[PDB]
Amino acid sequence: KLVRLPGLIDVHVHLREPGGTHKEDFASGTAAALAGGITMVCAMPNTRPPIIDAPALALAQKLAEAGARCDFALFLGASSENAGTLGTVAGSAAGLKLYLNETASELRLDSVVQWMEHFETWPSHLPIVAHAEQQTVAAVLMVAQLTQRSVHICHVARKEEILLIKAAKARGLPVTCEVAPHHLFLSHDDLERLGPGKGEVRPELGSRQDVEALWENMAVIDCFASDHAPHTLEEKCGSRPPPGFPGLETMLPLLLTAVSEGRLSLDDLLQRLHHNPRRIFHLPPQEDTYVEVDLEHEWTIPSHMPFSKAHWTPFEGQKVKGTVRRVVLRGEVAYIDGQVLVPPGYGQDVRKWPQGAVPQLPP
């Protein structure tokens, strides 16, 4: 017998369109999402061109509306030039993304003062998420306190980071965070198998002690999110390997395996892939939407999953238990046993739904 789950939400995916469509596009990345039991995705802005201004957002919105097979919201990206310019379009985005460590020149911020300017100008009711590693977590938390608002920390990967966030929560500070599956299910012990190119990811794979600290501190983790970051094998194995792993198709099977082993409960999983994503990002419900999983099916992850154009996976060879059998999205069968049955363009921008606007006080 199957277990019915609600429509799961992945708040951190890179779908590569516009500009990197050999790595993934909206159609292939949302097929991967559906096959992973994900019915809503929030897409990051580090595309080509990057989503750092209103014209780029308008283009990305149309490409997503035409290509997405599941529902979505699109992040805006902070740049060294756009603070104070996004007010008209801010509410149409998933939130604002700050890249505070390595990134493309276009999203690079050169000074903490530029972080402050974004925290001061971005509407105070709308989400801000940050790629912030190691001491950068503490630094961006300080900026958030100076500007008296919340922040969400992307892909927490280290004991150091989860304990800092734990200490901030103990002081009542408004901070939430997410953890990606590779930081729960891979470690330095896997680098020999992966090799130095495939193994490149940011944040990097942690030690066994980092992984054990994230599990021990599950109560501190608000969301799981894949950081689906597809690149082709040629790129990962070449001379300048880009960081990132594909992850939409493997995230839920890995976590269902952990549920079956008693490492966390089904409820713990649903808080982190459904309820907390909804409440942190004010994402709306999806009517008549659910996912049926088979928790008894044992399988081994292959060298590539069927849908992502990345056409490789760092989880190859891992034994999992749990698999997505059927997905229904807004009353239509979207996925059954390896077949996606909704076309490109079936998905919608949830921020355009009446229930998908972030509530705010009047002017």
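The numbering used is simple: start at 1 and walk along the sequence shown.
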| item | value |
| --- | --- |
| Mean C-alpha temperature factor, higher of 90-98 and 204-212 | 204-212 |
| Stretch exceeding the other in mean C-alpha B-factor - 339-347, 11-19 | 339-347 |
| Out of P306, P314, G29, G37, highest CA B-factor residue | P306 |
| Most elevated Cα B-factor in the entry, residues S260, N217, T121, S150 | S260 |
| CA B-factor placement of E117, once the chain's modelled residues are sorted into thirds | lowest |
| B-factor third for the C-alpha atom of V320 within its chain | highest |
| Modelled-residue ranking by C-alpha temperature factor, third containing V291 | middle |
| Modelled-residue ranking by C-alpha temperature factor, third containing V41 | lowest |
| Lowest, middle or highest third - CA B-factor, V140 | lowest |
